C-alpha cells in the first residue's frame, strides 16, 4: 500500500536464561534499542493517523516506553530470579517469551497491531540492538506458535510501569473490546 515508518527508542535490561548445558551461563543484557515501526495505510483517515500529541501514537508510545528503564523477564523463569527481578526494578515487565531483540520485534509488532483497533496495518517491526544487530518481524512471525504465542494477557506490566501511562486503563481497555479513538 503506502509505507509509513515511525521511529521509537527505549533503554532496557532483560534476562536470558540458560540451558542445563554445563557451559551455558545466565546473562543480563542492558542495551540501547531503536525501533522501526513499519505501517501500511490504505486510508489516511484521522482516527488511525499516527503523529505526536495525538491519541493513537500516544498509546503506542506509552506501551513502547513501558520497556524503557524497565527489566524484562520470562514468565517461566525460576521464581527466585523473578522475585529478585521485582525487587531489583519497580519497572518490570513479565513476558510470555524469553526477552530478546528477536522477541521484542514480535512483541512490539503485536502491541502496535492490537492498538490499531480504534486501512492502517502493522507491516513489520525492526528492533536494532545497540551496534550489534537487528531483528525484523513480519506478520507470519507473530502467529508463529513455534516462536511463542502472543496474547495481551501474557504481557504483564508493573504497577510503576502503569503509573507513567497517560491512561491507567489503556491496556485493560484493549483486553476488552474497548475501541480507542471514537
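Residue numbers count along the first chain shown, from 1.
The modelled chain breaks between residue 118 and residue 119, where 4 to 9 residues of the deposited sequence lack coordinates. For the pair 147 to 155 and 27 to 35, the record assigns the higher mean C-alpha temperature factor to 147 to 155. Comparing 162 to 170 with 18 to 26, the stretch with the higher mean C-alpha B-factor in the PDB entry is 18 to 26. Highest C-alpha temperature factor among 130, 124, 113, 48 per the entry: 48. Between the residues 107, 82, 72, 97, it is 82 that shows the highest Cα B-factor in the PDB record. When all modelled residues of the chain are sorted by CA temperature factor, residue 55 is found within the highest third.
In this PDB entry, residue 43 carries a Cα temperature factor that places it within the highest third of its chain's modelled residues. The PDB entry assigns residue 139 a C-alpha temperature factor belonging to the middle third of its chain's modelled residues.
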